[PDB]
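Novice: Pasting run-v1.json below, which is JSON, C-alpha atoms and all ligand atoms.
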```
[["chain", "number", "residue", "atom", "x", "y", "z"],
["E", 1, "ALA", "CA", 14.43, -5.50, 13.03],
["E", 2, "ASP", "CA", 15.44, -7.73, 10.12],
["E", 3, "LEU", "CA", 13.02, -9.53, 7.82],
["E", 4, "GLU", "CA", 12.34, -12.60, 9.93],
["E", 5, "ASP", "CA", 11.50, -10.71, 13.14],
["E", 6, "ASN", "CA", 8.92, -8.73, 11.16],
["E", 7, "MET", "CA", 7.52, -11.95, 9.75],
["E", 8, "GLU", "CA", 7.36, -13.38, 13.25],
["E", 9, "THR", "CA", 5.48, -10.29, 14.46],
["E", 10, "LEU", "CA", 3.05, -10.60, 11.54],
["E", 11, "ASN", "CA", 2.57, -14.28, 12.43],
["E", 12, "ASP", "CA", 1.97, -13.74, 16.16],
["E", 13, "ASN", "CA", -0.52, -10.88, 15.82],
["E", 14, "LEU", "CA", -2.60, -12.68, 13.19],
["E", 15, "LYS", "CA", -3.27, -15.37, 15.83],
["E", 16, "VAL", "CA", -4.02, -12.58, 18.33],
["E", 17, "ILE", "CA", -6.76, -11.21, 16.06],
["E", 18, "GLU", "CA", -8.32, -14.66, 15.55],
["E", 19, "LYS", "CA", -8.76, -15.33, 19.30],
["E", 20, "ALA", "CA", -9.63, -11.73, 20.24],
["E", 21, "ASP", "CA", -11.34, -11.92, 23.66],
["E", 22, "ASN", "CA", -12.27, -8.28, 22.87],
["E", 23, "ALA", "CA", -12.70, -5.79, 20.07],
["E", 24, "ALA", "CA", -9.71, -3.48, 20.63],
["E", 25, "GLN", "CA", -7.07, -6.21, 20.74],
["E", 26, "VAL", "CA", -7.83, -6.39, 17.02],
["E", 27, "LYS", "CA", -6.85, -2.75, 16.62],
["E", 28, "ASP", "CA", -3.79, -3.29, 18.82],
["E", 29, "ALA", "CA", -2.67, -6.38, 16.89],
["E", 30, "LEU", "CA", -3.38, -4.74, 13.52],
["E", 31, "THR", "CA", -1.26, -1.73, 14.53],
["E", 32, "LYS", "CA", 1.72, -3.99, 15.19],
["E", 33, "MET", "CA", 1.19, -5.83, 11.88],
["E", 34, "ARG", "CA", 1.12, -2.49, 10.04],
["E", 35, "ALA", "CA", 4.40, -1.55, 11.72],
["E", 36, "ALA", "CA", 5.90, -4.97, 10.89],
["E", 37, "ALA", "CA", 4.70, -5.03, 7.27],
["E", 38, "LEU", "CA", 5.96, -1.51, 6.53],
["E", 39, "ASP", "CA", 9.34, -2.25, 8.09],
["E", 40, "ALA", "CA", 9.63, -5.56, 6.20],
["E", 41, "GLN", "CA", 9.01, -3.75, 2.89],
["E", 42, "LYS", "CA", 12.45, -2.11, 2.82],
["E", 43, "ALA", "CA", 14.31, -5.44, 3.10],
["E", 44, "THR", "CA", 15.60, -7.54, 0.21],
["E", 45, "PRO", "CA", 14.62, -11.20, 0.74],
["E", 46, "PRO", "CA", 17.34, -13.87, 0.47],
["E", 47, "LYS", "CA", 16.24, -15.28, -2.86],
["E", 48, "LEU", "CA", 16.59, -11.86, -4.59],
["E", 49, "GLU", "CA", 19.86, -10.57, -3.10],
["E", 50, "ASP", "CA", 21.85, -10.48, -6.36],
["E", 51, "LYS", "CA", 19.06, -8.72, -8.33],
["E", 52, "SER", "CA", 18.44, -5.13, -9.33],
["E", 53, "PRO", "CA", 16.05, -2.88, -7.37],
["E", 54, "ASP", "CA", 14.64, -1.84, -10.76],
["E", 55, "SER", "CA", 14.03, -5.46, -11.73],
["E", 56, "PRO", "CA", 10.37, -6.52, -12.16],
["E", 57, "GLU", "CA", 10.86, -9.21, -9.48],
["E", 58, "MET", "CA", 11.78, -6.56, -6.93],
["E", 59, "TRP", "CA", 8.72, -4.46, -7.79],
["E", 60, "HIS", "CA", 6.55, -7.59, -7.75],
["E", 61, "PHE", "CA", 7.88, -8.52, -4.30],
["E", 62, "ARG", "CA", 7.35, -4.96, -3.09],
["E", 63, "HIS", "CA", 3.82, -4.99, -4.54],
["E", 64, "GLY", "CA", 2.93, -7.85, -2.19],
["E", 65, "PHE", "CA", 3.72, -5.62, 0.79],
["E", 66, "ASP", "CA", 1.67, -2.76, -0.69],
["E", 67, "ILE", "CA", -1.32, -5.10, -0.93],
["E", 68, "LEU", "CA", -0.76, -6.42, 2.60],
["E", 69, "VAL", "CA", -0.45, -2.91, 4.09],
["E", 70, "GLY", "CA", -3.61, -1.95, 2.22],
["E", 71, "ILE", "CA", -5.45, -4.95, 3.66],
["E", 72, "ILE", "CA", -4.37, -4.10, 7.20],
["E", 73, "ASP", "CA", -5.21, -0.40, 6.88],
["E", 74, "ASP", "CA", -8.67, -1.48, 5.73],
["E", 75, "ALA", "CA", -9.07, -3.84, 8.69],
["E", 76, "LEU", "CA", -7.94, -1.00, 10.97],
["E", 77, "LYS", "CA", -10.79, 0.99, 9.42],
["E", 78, "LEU", "CA", -13.31, -1.80, 10.19],
["E", 79, "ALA", "CA", -11.96, -2.39, 13.71],
["E", 80, "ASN", "CA", -12.17, 1.36, 14.40],
["E", 81, "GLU", "CA", -15.80, 1.28, 13.27],
["E", 82, "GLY", "CA", -16.33, -1.32, 16.00],
["E", 83, "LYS", "CA", -16.98, -4.04, 13.40],
["E", 84, "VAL", "CA", -15.22, -6.87, 15.23],
["E", 85, "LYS", "CA", -16.13, -9.83, 13.01],
["E", 86, "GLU", "CA", -15.72, -8.08, 9.64],
["E", 87, "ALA", "CA", -12.30, -6.80, 10.80],
["E", 88, "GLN", "CA", -11.38, -10.32, 11.94],
["E", 89, "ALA", "CA", -12.65, -11.67, 8.62],
["E", 90, "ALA", "CA", -10.60, -9.07, 6.76],
["E", 91, "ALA", "CA", -7.62, -10.36, 8.78],
["E", 92, "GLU", "CA", -8.28, -13.93, 7.58],
["E", 93, "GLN", "CA", -8.12, -12.46, 4.04],
["E", 94, "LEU", "CA", -4.51, -11.42, 4.75],
["E", 95, "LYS", "CA", -3.17, -14.97, 4.46],
["E", 96, "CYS", "CA", -3.84, -14.87, 0.72],
["E", 97, "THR", "CA", -1.13, -12.24, 0.55],
["E", 98, "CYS", "CA", 1.27, -14.00, 2.95],
["E", 99, "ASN", "CA", 0.94, -17.23, 0.99],
["E", 100, "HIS", "CA", 1.18, -15.67, -2.47],
["E", 101, "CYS", "CA", 4.50, -14.08, -1.46],
["E", 102, "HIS", "CA", 5.86, -17.17, 0.31],
["E", 103, "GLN", "CA", 5.06, -19.30, -2.73],
["E", 104, "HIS", "CA", 7.17, -17.12, -5.06],
["E", 105, "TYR", "CA", 9.84, -15.45, -2.90],
["E", 106, "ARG", "CA", 10.45, -17.42, 0.33],
["V", 1, "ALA", "CA", 5.95, 18.40, 2.00],
["V", 2, "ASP", "CA", 2.39, 19.72, 2.14],
["V", 3, "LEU", "CA", -0.45, 17.70, 0.65],
["V", 4, "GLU", "CA", -1.16, 20.22, -2.13],
["V", 5, "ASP", "CA", 2.37, 20.01, -3.51],
["V", 6, "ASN", "CA", 2.30, 16.21, -3.56],
["V", 7, "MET", "CA", -1.06, 16.45, -5.40],
["V", 8, "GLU", "CA", 0.39, 18.75, -8.06],
["V", 9, "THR", "CA", 3.24, 16.28, -8.49],
["V", 10, "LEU", "CA", 0.73, 13.40, -8.92],
["V", 11, "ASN", "CA", -1.34, 15.47, -11.39],
["V", 12, "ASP", "CA", 1.63, 16.59, -13.52],
["V", 13, "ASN", "CA", 3.31, 13.21, -13.87],
["V", 14, "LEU", "CA", 0.03, 11.38, -14.58],
["V", 15, "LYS", "CA", -0.22, 13.86, -17.48],
["V", 16, "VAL", "CA", 3.41, 13.20, -18.53],
["V", 17, "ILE", "CA", 2.57, 9.49, -18.54],
["V", 18, "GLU", "CA", -0.37, 9.94, -20.88],
["V", 19, "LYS", "CA", 1.75, 11.96, -23.34],
["V", 20, "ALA", "CA", 4.12, 9.01, -23.47],
["V", 21, "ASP", "CA", 6.68, 8.05, -26.16],
["V", 22, "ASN", "CA", 8.82, 5.60, -24.08],
["V", 23, "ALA", "CA", 8.75, 3.22, -21.10],
["V", 24, "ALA", "CA", 11.78, 5.08, -19.73],
["V", 25, "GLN", "CA", 9.66, 8.26, -19.56],
["V", 26, "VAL", "CA", 6.75, 6.43, -17.92],
["V", 27, "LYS", "CA", 9.16, 4.89, -15.41],
["V", 28, "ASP", "CA", 10.56, 8.25, -14.30],
["V", 29, "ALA", "CA", 7.13, 9.84, -14.05],
["V", 30, "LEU", "CA", 5.97, 6.88, -11.94],
["V", 31, "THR", "CA", 8.98, 7.12, -9.63],
["V", 32, "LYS", "CA", 8.00, 10.68, -8.72],
["V", 33, "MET", "CA", 4.34, 9.76, -8.30],
["V", 34, "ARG", "CA", 5.31, 7.04, -5.83],
["V", 35, "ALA", "CA", 7.46, 9.35, -3.73],
["V", 36, "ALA", "CA", 4.67, 11.95, -3.65],
["V", 37, "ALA", "CA", 1.98, 9.37, -2.77],
["V", 38, "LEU", "CA", 3.93, 8.09, 0.23],
["V", 39, "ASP", "CA", 4.40, 11.62, 1.57],
["V", 40, "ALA", "CA", 0.77, 12.60, 0.92],
["V", 41, "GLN", "CA", -0.20, 9.55, 3.01],
["V", 42, "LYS", "CA", 1.42, 11.20, 6.05],
["V", 43, "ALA", "CA", -0.57, 14.42, 5.69],
["V", 44, "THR", "CA", -3.76, 15.40, 7.47],
["V", 45, "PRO", "CA", -6.36, 16.49, 4.91],
["V", 46, "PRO", "CA", -8.29, 19.71, 5.66],
["V", 47, "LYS", "CA", -11.71, 17.99, 5.67],
["V", 48, "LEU", "CA", -10.38, 15.69, 8.44],
["V", 49, "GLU", "CA", -8.32, 18.22, 10.44],
["V", 50, "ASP", "CA", -10.51, 17.89, 13.56],
["V", 51, "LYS", "CA", -10.99, 14.11, 13.74],
["V", 52, "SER", "CA", -8.86, 11.46, 15.37],
["V", 53, "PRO", "CA", -5.80, 10.30, 13.41],
["V", 54, "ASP", "CA", -7.15, 6.87, 14.34],
["V", 55, "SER", "CA", -10.69, 7.57, 13.19],
["V", 56, "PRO", "CA", -12.11, 5.32, 10.46],
["V", 57, "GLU", "CA", -12.06, 8.31, 8.10],
["V", 58, "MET", "CA", -8.32, 8.80, 8.52],
["V", 59, "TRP", "CA", -7.84, 5.03, 8.07],
["V", 60, "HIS", "CA", -9.89, 5.12, 4.86],
["V", 61, "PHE", "CA", -7.82, 8.11, 3.75],
["V", 62, "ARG", "CA", -4.54, 6.26, 4.33],
["V", 63, "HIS", "CA", -6.04, 3.19, 2.71],
["V", 64, "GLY", "CA", -6.54, 5.24, -0.45],
["V", 65, "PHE", "CA", -2.82, 5.86, -0.74],
["V", 66, "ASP", "CA", -2.07, 2.18, -0.05],
["V", 67, "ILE", "CA", -4.14, 1.35, -3.11],
["V", 68, "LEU", "CA", -2.45, 4.06, -5.19],
["V", 69, "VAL", "CA", 1.09, 3.13, -4.18],
["V", 70, "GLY", "CA", 0.29, -0.50, -4.93],
["V", 71, "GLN", "CA", -1.11, 0.46, -8.33],
["V", 72, "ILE", "CA", 1.96, 2.61, -9.01],
["V", 73, "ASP", "CA", 4.23, -0.31, -8.06],
["V", 74, "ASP", "CA", 2.30, -2.56, -10.45],
["V", 75, "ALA", "CA", 2.82, 0.00, -13.22],
["V", 76, "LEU", "CA", 6.54, 0.21, -12.42],
["V", 77, "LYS", "CA", 6.72, -3.56, -12.85],
["V", 78, "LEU", "CA", 5.34, -3.12, -16.38],
["V", 79, "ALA", "CA", 7.45, -0.08, -17.29],
["V", 80, "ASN", "CA", 10.62, -1.86, -16.13],
["V", 81, "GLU", "CA", 9.58, -4.86, -18.25],
["V", 82, "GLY", "CA", 9.58, -2.46, -21.21],
["V", 83, "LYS", "CA", 5.81, -2.66, -21.79],
["V", 84, "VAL", "CA", 4.92, 0.99, -22.27],
["V", 85, "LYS", "CA", 1.30, 0.60, -23.44],
["V", 86, "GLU", "CA", 0.53, -1.82, -20.63],
["V", 87, "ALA", "CA", 2.31, 0.48, -18.16],
["V", 88, "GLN", "CA", 0.40, 3.52, -19.44],
["V", 89, "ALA", "CA", -2.92, 1.69, -19.20],
["V", 90, "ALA", "CA", -2.02, 0.71, -15.62],
["V", 91, "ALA", "CA", -1.02, 4.33, -14.91],
["V", 92, "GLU", "CA", -4.28, 5.65, -16.39],
["V", 93, "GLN", "CA", -6.28, 3.50, -13.96],
["V", 94, "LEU", "CA", -4.76, 5.42, -11.06],
["V", 95, "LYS", "CA", -7.50, 7.99, -11.76],
["V", 96, "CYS", "CA", -10.09, 5.66, -10.17],
["V", 97, "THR", "CA", -8.26, 5.85, -6.86],
["V", 98, "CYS", "CA", -7.82, 9.64, -7.27],
["V", 99, "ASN", "CA", -11.50, 10.23, -7.98],
["V", 100, "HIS", "CA", -12.60, 7.94, -5.18],
["V", 101, "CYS", "CA", -10.55, 9.63, -2.45],
["V", 102, "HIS", "CA", -11.53, 13.03, -3.83],
["V", 103, "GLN", "CA", -15.20, 12.15, -3.77],
["V", 104, "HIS", "CA", -14.96, 11.46, -0.01],
["V", 105, "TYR", "CA", -12.06, 13.49, 1.38],
["V", 106, "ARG", "CA", -11.46, 16.53, -0.83],
["H", 1, "LIG", "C1", 6.28, -10.72, 0.45],
["H", 1, "LIG", "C2", 5.69, -9.69, -0.19],
["H", 1, "LIG", "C3", 5.78, -11.30, 1.82],
["H", 1, "LIG", "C4", 4.59, -11.10, 2.43],
["H", 1, "LIG", "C5", 3.38, -10.27, 1.93],
["H", 1, "LIG", "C6", 4.59, -11.84, 3.69],
["H", 1, "LIG", "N1", 5.82, -12.47, 3.81],
["H", 1, "LIG", "FE1", 6.40, -13.92, 5.31],
["H", 1, "LIG", "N2", 8.13, -14.11, 4.42],
["H", 1, "LIG", "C7", 8.56, -13.49, 3.27],
["H", 1, "LIG", "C8", 9.91, -13.93, 3.01],
["H", 1, "LIG", "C9", 10.76, -13.47, 1.80],
["H", 1, "LIG", "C10", 10.27, -14.79, 3.98],
["H", 1, "LIG", "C11", 11.62, -15.53, 4.14],
["H", 1, "LIG", "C12", 12.69, -14.47, 4.36],
["H", 1, "LIG", "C13", 14.04, -15.04, 4.72],
["H", 1, "LIG", "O1", 14.81, -14.29, 5.40],
["H", 1, "LIG", "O2", 14.34, -16.20, 4.31],
["H", 1, "LIG", "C14", 9.15, -14.92, 4.89],
["H", 1, "LIG", "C15", 9.13, -15.72, 6.02],
["H", 1, "LIG", "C16", 8.09, -15.85, 6.90],
["H", 1, "LIG", "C17", 8.07, -16.66, 8.11],
["H", 1, "LIG", "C18", 9.24, -17.53, 8.62],
["H", 1, "LIG", "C19", 9.87, -16.73, 9.76],
["H", 1, "LIG", "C20", 11.30, -17.12, 10.06],
["H", 1, "LIG", "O3", 11.84, -18.06, 9.41],
["H", 1, "LIG", "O4", 11.91, -16.49, 10.96],
["H", 1, "LIG", "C21", 6.87, -16.50, 8.69],
["H", 1, "LIG", "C22", 6.40, -17.17, 10.00],
["H", 1, "LIG", "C23", 6.09, -15.58, 7.87],
["H", 1, "LIG", "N3", 6.88, -15.21, 6.79],
["H", 1, "LIG", "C24", 4.80, -15.11, 8.11],
["H", 1, "LIG", "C25", 4.08, -14.21, 7.33],
["H", 1, "LIG", "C26", 2.70, -13.83, 7.52],
["H", 1, "LIG", "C27", 1.84, -14.41, 8.66],
["H", 1, "LIG", "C28", 2.34, -12.96, 6.54],
["H", 1, "LIG", "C29", 0.95, -12.25, 6.29],
["H", 1, "LIG", "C30", 0.09, -11.92, 7.27],
["H", 1, "LIG", "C31", 3.50, -12.74, 5.72],
["H", 1, "LIG", "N4", 4.54, -13.51, 6.22],
["H", 1, "LIG", "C32", 3.56, -11.91, 4.62],
["H", 1, "LIG", "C33", 7.85, -12.61, 2.48],
["H", 1, "LIG", "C34", 6.57, -12.16, 2.69],
["H", 2, "LIG", "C1", -6.74, 10.34, -0.80],
["H", 2, "LIG", "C2", -6.53, 9.06, -0.43],
["H", 2, "LIG", "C3", -6.26, 10.93, -2.16],
["H", 2, "LIG", "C4", -5.73, 10.33, -3.25],
["H", 2, "LIG", "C5", -5.43, 8.83, -3.45],
["H", 2, "LIG", "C6", -5.47, 11.33, -4.27],
["H", 2, "LIG", "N1", -5.86, 12.54, -3.75],
["H", 2, "LIG", "FE1", -5.66, 14.35, -4.74],
["H", 2, "LIG", "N2", -6.41, 15.26, -3.11],
["H", 2, "LIG", "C7", -6.78, 14.69, -1.91],
["H", 2, "LIG", "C8", -7.12, 15.76, -1.00],
["H", 2, "LIG", "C9", -7.59, 15.58, 0.47],
["H", 2, "LIG", "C10", -6.94, 16.91, -1.65],
["H", 2, "LIG", "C11", -7.14, 18.33, -1.09],
["H", 2, "LIG", "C12", -5.73, 18.92, -0.93],
["H", 2, "LIG", "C13", -5.79, 19.95, 0.17],
["H", 2, "LIG", "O1", -4.72, 20.34, 0.70],
["H", 2, "LIG", "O2", -6.92, 20.38, 0.52],
["H", 2, "LIG", "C14", -6.49, 16.63, -3.00],
["H", 2, "LIG", "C15", -6.21, 17.57, -3.98],
["H", 2, "LIG", "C16", -5.77, 17.39, -5.27],
["H", 2, "LIG", "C17", -5.58, 18.39, -6.33],
["H", 2, "LIG", "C18", -5.80, 19.92, -6.34],
["H", 2, "LIG", "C19", -5.39, 20.60, -5.05],
["H", 2, "LIG", "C20", -4.02, 21.20, -5.19],
["H", 2, "LIG", "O3", -3.10, 20.42, -5.50],
["H", 2, "LIG", "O4", -3.86, 22.44, -4.97],
["H", 2, "LIG", "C21", -5.12, 17.75, -7.41],
["H", 2, "LIG", "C22", -4.78, 18.43, -8.75],
["H", 2, "LIG", "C23", -5.02, 16.35, -7.10],
["H", 2, "LIG", "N3", -5.43, 16.17, -5.79],
["H", 2, "LIG", "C24", -4.60, 15.35, -7.96],
["H", 2, "LIG", "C25", -4.57, 14.01, -7.65],
["H", 2, "LIG", "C26", -4.24, 12.95, -8.58],
["H", 2, "LIG", "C27", -3.85, 13.23, -10.06],
["H", 2, "LIG", "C28", -4.32, 11.79, -7.90],
["H", 2, "LIG", "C29", -4.07, 10.35, -8.39],
["H", 2, "LIG", "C30", -4.00, 10.04, -9.68],
["H", 2, "LIG", "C31", -4.74, 12.07, -6.53],
["H", 2, "LIG", "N4", -4.88, 13.44, -6.43],
["H", 2, "LIG", "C32", -4.93, 11.13, -5.52],
["H", 2, "LIG", "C33", -6.84, 13.33, -1.64],
["H", 2, "LIG", "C34", -6.35, 12.34, -2.47]]
```
Written as structure tokens, how would this file's structure read?
Ligand code: HEC
Ligand code: HEC
Specialist:
Amino acid sequence: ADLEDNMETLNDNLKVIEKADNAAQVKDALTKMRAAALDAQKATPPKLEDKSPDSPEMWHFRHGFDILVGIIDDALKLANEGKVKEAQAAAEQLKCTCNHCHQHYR
Amino acid sequence: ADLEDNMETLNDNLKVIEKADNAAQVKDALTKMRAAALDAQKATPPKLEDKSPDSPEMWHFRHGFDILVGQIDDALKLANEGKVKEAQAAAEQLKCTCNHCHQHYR
């Protein structure tokens, strides 16, 4: 899937975690976000098409996805400890990363 | 590759980075550390061989490499900006992530 499908998947599962009528939907949703984030990390966004992969901007943009994937993997840890609210609160924390990247690169 | 070979790679290039002399050297050493860190992240560590790949311990273990990769990518931003002393400093702080995962999972 291209970059915007991944972003759509990230968007839809974030909402899933917020309304989780459970405790293992969190895990399920987080797994899909992990998959989407990782896959979106290999894509060059529109506003950096003409730039070098070695360019600081490309590493900065890739760093955002490292941080995001780290935040999800940590929430997957909390959710797999059965800590439903902390994992859901860790998922709220993710929007920092979404918005920091959108502000500079979308 | 096996986890032990990726760890030797991380150890050797961290040492190359500290012996310095140019941001181009740091950049190449960091490129190899990144490739090894991503592969190590796929391994199963001996101390966790008989626990679920979805256990919190395995998620904390994969989290460790998320943090490392993200730190490496930050240090590649600096090396590619030509800031060798800043990039070295950022590469020396990888040892915190090393030590921390070793304290738990080695
Ligand atoms: C960079 C490191 C990003 C992170 C982290 C996140 N997103 Fe993103 N997003 C990014 C780009 C470059 C773009 C635009 C790409 C393009 O092709 O123009 C987007 C776009 C979106 C969208 C719009 C979807 C669409 O138009 O089809 C959404 C809904 C979206 N992003 C959501 C989203 C969420 C919820 C994130 C964190 C949980 C997130 N993104 C992270 C770059 C980056
Ligand atoms: C977990 C998230 C780790 C991170 C991050 C780092 N290391 Fe590691 N290391 C880890 C394990 C589980 C092991 C045991 C390997 C095994 O197969 O049992 C290791 C081992 C090492 C070793 C010595 C073992 C060998 O290579 O034969 C070294 C020298 C080593 N690790 C170095 C190293 C460095 C320099 C790291 C970052 C700067 C680092 N490791 C990160 C787990 C994890």
Novice: I'd like a table as a Markdown table: residues in chain E with an atom no more than 10 Å from chain V, each row giving the shortest atom pair and its distance in Å to one decimal, only C-alpha atoms counted, sorted by chain and rising residue number.
Specialist:
```
| residue | atom | partner | partner_atom | distance |
| --- | --- | --- | --- | --- |
| E:27 | CA | V:54 | CA | 9.9 |
| E:54 | CA | V:80 | CA | 6.7 |
| E:55 | CA | V:80 | CA | 6.6 |
| E:56 | CA | V:77 | CA | 4.7 |
| E:57 | CA | V:77 | CA | 7.8 |
| E:58 | CA | V:77 | CA | 8.3 |
| E:59 | CA | V:77 | CA | 5.5 |
| E:60 | CA | V:77 | CA | 6.5 |
| E:61 | CA | V:73 | CA | 9.7 |
| E:62 | CA | V:73 | CA | 7.5 |
| E:63 | CA | V:70 | CA | 5.7 |
| E:64 | CA | V:70 | CA | 8.3 |
| E:65 | CA | V:70 | CA | 8.4 |
| E:66 | CA | V:70 | CA | 5.0 |
| E:67 | CA | V:70 | CA | 6.3 |
| E:68 | CA | V:66 | CA | 9.1 |
| E:69 | CA | V:66 | CA | 6.8 |
| E:70 | CA | V:66 | CA | 5.0 |
| E:71 | CA | V:63 | CA | 8.2 |
| E:72 | CA | V:63 | CA | 8.7 |
| E:73 | CA | V:63 | CA | 5.6 |
| E:74 | CA | V:63 | CA | 6.2 |
| E:75 | CA | V:59 | CA | 9.0 |
| E:76 | CA | V:59 | CA | 6.7 |
| E:77 | CA | V:56 | CA | 4.6 |
| E:78 | CA | V:56 | CA | 7.2 |
| E:79 | CA | V:56 | CA | 8.4 |
| E:80 | CA | V:56 | CA | 5.6 |
| E:81 | CA | V:56 | CA | 6.2 |
| E:82 | CA | V:56 | CA | 9.6 |
```
Novice: Residues near residue 105 in chain V, anyone? I mean within 9 Å using all atoms listed in the file, not counting same-chain ones fewer than 4 positions away, as a PyMOL selection string.
Specialist: chain V and resi 45-48+57+61+100-101
Novice: Between CA of residue 8 in chain E and atom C3 of ligand LIG 1 (chain H), what is the distance in Å, rounded to a tenth?
Specialist: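 Computing the Euclidean distance for CA of residue 8 in chain E and atom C3 of ligand LIG 1 (chain H) yields 11.7 Å.
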Novice: Considering all atoms listed in the file, can you say which of V:35, V:17, V:89, V:98 comes closest to ligand LIG 2 (chain H)?
Specialist: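 Going through V:35, V:17, V:89, V:98 one by one, the smallest distance to ligand LIG 2 (chain H) is for V:98.
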Novice: With 12 Å as the threshold, what does the neighbourhood of (4.4, 11.7, -22.0) contain in terms of residues, counting only C-alpha atoms? Coordinates are those of the file; answer as a compact mmCIF listing (two decimals) with C-alpha atoms, in the frame of the given file.
Specialist:
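Result went into selection-v4.txt, see below:
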```txt
# COMPACT_ATOMS: atom_id res chain seq x y z
CA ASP V 12 1.63 16.59 -13.52
CA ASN V 13 3.31 13.21 -13.87
CA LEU V 14 0.03 11.38 -14.58
CA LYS V 15 -0.22 13.86 -17.48
CA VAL V 16 3.41 13.20 -18.53
CA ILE V 17 2.57 9.49 -18.54
CA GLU V 18 -0.37 9.94 -20.88
CA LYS V 19 1.75 11.96 -23.34
CA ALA V 20 4.12 9.01 -23.47
CA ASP V 21 6.68 8.05 -26.16
CA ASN V 22 8.82 5.60 -24.08
CA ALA V 23 8.75 3.22 -21.10
CA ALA V 24 11.78 5.08 -19.73
CA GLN V 25 9.66 8.26 -19.56
CA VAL V 26 6.75 6.43 -17.92
CA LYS V 27 9.16 4.89 -15.41
CA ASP V 28 10.56 8.25 -14.30
CA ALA V 29 7.13 9.84 -14.05
CA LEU V 30 5.97 6.88 -11.94
CA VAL V 84 4.92 0.99 -22.27
CA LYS V 85 1.30 0.60 -23.44
CA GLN V 88 0.40 3.52 -19.44
CA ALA V 91 -1.02 4.33 -14.91
CA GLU V 92 -4.28 5.65 -16.39
```
Novice: I'd like to know which of V:53, V:95, V:6, V:87 is closest to residue 36 in chain V, using all atoms listed in the file.
Specialist: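 Once distances to residue 36 in chain V are computed over all atoms listed in the file, the minimum belongs to V:6.
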Novice: Please report the interatomic distance between atom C2 of ligand LIG 1 (chain H) and CA of residue 98 in chain E in Å with one decimal.
Specialist: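 Atom-to-atom, atom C2 of ligand LIG 1 (chain H) and CA of residue 98 in chain E are spaced 6.9 Å apart.
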Novice: I'd like the neighbourhood of residue 47 in chain E as number ranges by chain, where a residue qualifies if any of its atoms comes within 10 Å (using only C-alpha atoms), though same-chain residues fewer than 5 positions away should be ignored.
Specialist: E: 104-106
Novice: Rounded to one decimal place, report the CA of residue 41 in chain E-CA of residue 103 in chain E distance in Å.
Specialist: 17.0 Å
Novice: Kindly provide, as lines of an AutoDock Vina configuration file, the centre and edge lengths (Å, one decimal) of an axis-aligned box around all atoms of ligand LIG 2 (chain H) given in the file, with 5 Å on each side.
Specialist:
```
center_x = -5.3
center_y = 15.6
center_z = -4.7
size_x = 14.5
size_y = 23.6
size_z = 20.8
```
Novice: Looking at E:44, E:22, E:31, E:88, which one is nearest to ligand LIG 1 (chain H), with distances taken over only C-alpha atoms and all ligand atoms?
Specialist: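 Closest candidate: E:44.
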Novice: Given the point (-0.7, -14.9, 15.7) in the coordinates of this file, which residues lie within 12 Å, counting all atoms listed in the file, and how would they look as a JSON list (two decimals) with C-alpha atoms, keeping the file's coordinate frame?
Specialist:
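Output (point.json):
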```json
[["chain", "number", "residue", "atom", "x", "y", "z"],
["E", 7, "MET", "CA", 7.52, -11.95, 9.75],
["E", 8, "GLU", "CA", 7.36, -13.38, 13.25],
["E", 9, "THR", "CA", 5.48, -10.29, 14.46],
["E", 10, "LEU", "CA", 3.05, -10.60, 11.54],
["E", 11, "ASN", "CA", 2.57, -14.28, 12.43],
["E", 12, "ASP", "CA", 1.97, -13.74, 16.16],
["E", 13, "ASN", "CA", -0.52, -10.88, 15.82],
["E", 14, "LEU", "CA", -2.60, -12.68, 13.19],
["E", 15, "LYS", "CA", -3.27, -15.37, 15.83],
["E", 16, "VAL", "CA", -4.02, -12.58, 18.33],
["E", 17, "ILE", "CA", -6.76, -11.21, 16.06],
["E", 18, "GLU", "CA", -8.32, -14.66, 15.55],
["E", 19, "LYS", "CA", -8.76, -15.33, 19.30],
["E", 20, "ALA", "CA", -9.63, -11.73, 20.24],
["E", 25, "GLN", "CA", -7.07, -6.21, 20.74],
["E", 26, "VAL", "CA", -7.83, -6.39, 17.02],
["E", 29, "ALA", "CA", -2.67, -6.38, 16.89],
["E", 30, "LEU", "CA", -3.38, -4.74, 13.52],
["E", 32, "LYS", "CA", 1.72, -3.99, 15.19],
["E", 33, "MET", "CA", 1.19, -5.83, 11.88],
["E", 91, "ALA", "CA", -7.62, -10.36, 8.78],
["E", 92, "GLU", "CA", -8.28, -13.93, 7.58],
["E", 95, "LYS", "CA", -3.17, -14.97, 4.46]]
```
Novice: Can you tell me which residues surround residue 39 in chain V at a distance of at most 9 Å, considering all atoms listed in the file, apart from same-chain residues fewer than 2 positions away, and format the answer as number ranges by chain?
Specialist: V: 1-3, 6, 34-37, 41-43
Novice: From the set V:94, V:31, V:50, V:103, which residue has the shortest atom-to-atom contact distance to ligand LIG 2 (chain H), counting all atoms listed in the file?
Specialist: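 The closest residue to ligand LIG 2 (chain H) is V:94.
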